[PDB]
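Here's a solo chain for you in structure tokens, the form deposited in one PDB entry.
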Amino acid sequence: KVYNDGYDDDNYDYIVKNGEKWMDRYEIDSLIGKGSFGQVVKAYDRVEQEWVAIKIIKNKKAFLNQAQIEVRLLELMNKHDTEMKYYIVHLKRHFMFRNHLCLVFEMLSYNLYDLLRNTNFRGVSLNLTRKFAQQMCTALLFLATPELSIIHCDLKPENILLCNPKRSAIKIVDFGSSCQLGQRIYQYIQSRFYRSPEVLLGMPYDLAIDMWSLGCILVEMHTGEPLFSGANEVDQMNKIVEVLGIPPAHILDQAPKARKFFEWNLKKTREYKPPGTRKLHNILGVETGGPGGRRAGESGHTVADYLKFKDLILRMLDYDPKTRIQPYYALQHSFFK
């Protein structure tokens, strides 16, 4: 009947009420989002006189434990002196409130999915895509610091936040699904649209899976639409193969879930486009004025520009994670010069 003396629903979520003041300090304004972990609220800090985002974890042991891993990773990152850490949304403090762990973050404006919707799903400019890609490669380089070696594991537009609607600064958020290179047992990871082929295949995975997600995200930021909009894992792999063809034989040979998708030929599941015929050259509109032709003529949307972007994306979407382009090298690509 009642849960947590009435403060929780039956999903161990705190019943969010606008206007409440948690710890007589944080005035709850509205809900930012919901997740399996719990909720995120926009709140005004009446002590520091600033807006914050507060992540209120479900009042359940499994979700508290997960959130404690996130806190530890965030606090581990914060001991690093590099300016590269500023591409990670900063955890200000945390506290227990009515049996919920609450994480207080610096508040950003909205996420890149909001941004895509604000473009009516037709993309942002290649120039803004470049600024994004350079920041994200820099964030991924930070995560790759050996003492960290952190895999985000859930990169997607929802988990990249824009600081200020009038600027291009972005940051990565939500390390609740993350792990360090030494803590990997879970093989069903990443959001499906952004799921790397080594994961779909059941292979060893490392930080390179985030680079695969980055490549998918960057294409979607410029076209406005998900690159690989799989409805399931077979559909996901088929939509990958439409663009990138049949994976290398040496990979599929060592792939435990190869025959889930392939016979090396593709197995049959309306009909999908043949392998490689959905060329990225055409998706990007390299010689045809960008996505939908809408970028014809705009500065920094030349053939030379688009070819450089296609090359970087293709290096990010390498089938093999041992030769997938790595953050240090990605930052030196001509696309950024």
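Residues that one form lacks are left out of the comparison. Each residue number is its position in the shown sequence, starting from 1. Take the two forms, find the largest set of C-alpha atoms that superpose within 1.5 Å, and that set is the rigid core.
Beyond what is shown, the protein has a form deposited in another entry; the following relates to that form.
For this session: Select from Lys131, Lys85, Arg192, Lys92 the only position whose Cα moves 2 Å or more between the shown form and the other one when the core is aligned.
Result: The one that moves 2 Å or more is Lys85.
Exercise. After fitting the rigid core, is the C-alpha of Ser229 off by 2 Å or more between the shown form and the other one?
Worked result: Comparing the forms between the shown form and the other one, which are aligned on their rigid core, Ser229 does not shift its C-alpha by 2 Å or more.
For this session: Superpose the two forms on their rigid core, then report whether the C-alpha of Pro146 is displaced by 2 angstroms or more between the shown form and the other one.
Result: No; that C-alpha moves by less than 2 Å between the shown form and the other one.
Exercise. Are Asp81 and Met107 closer or farther apart at their Cα atoms in that other deposited form than shown, with the shift being 3 Å or more?
Worked result: Distance between the C-alphas of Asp81 and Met107: shorter in that other deposited form, by 3 Å or more.
For this session: Please say whether the CA atoms of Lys85 and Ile69 come closer or move farther apart in that other deposited form, knowing the change relative to this form is 3 Å or more.
Result: Note: Cα gap between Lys85 and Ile69 widens in that other deposited form.
Problem set entry | Consecutive-residue runs (3+) with Cα displacement of 2 Å or more between the shown form and the other one, core aligned | Residues 81 to 86, 182 to 184 form the runs that move by 2 Å or more between the shown form and the other one.
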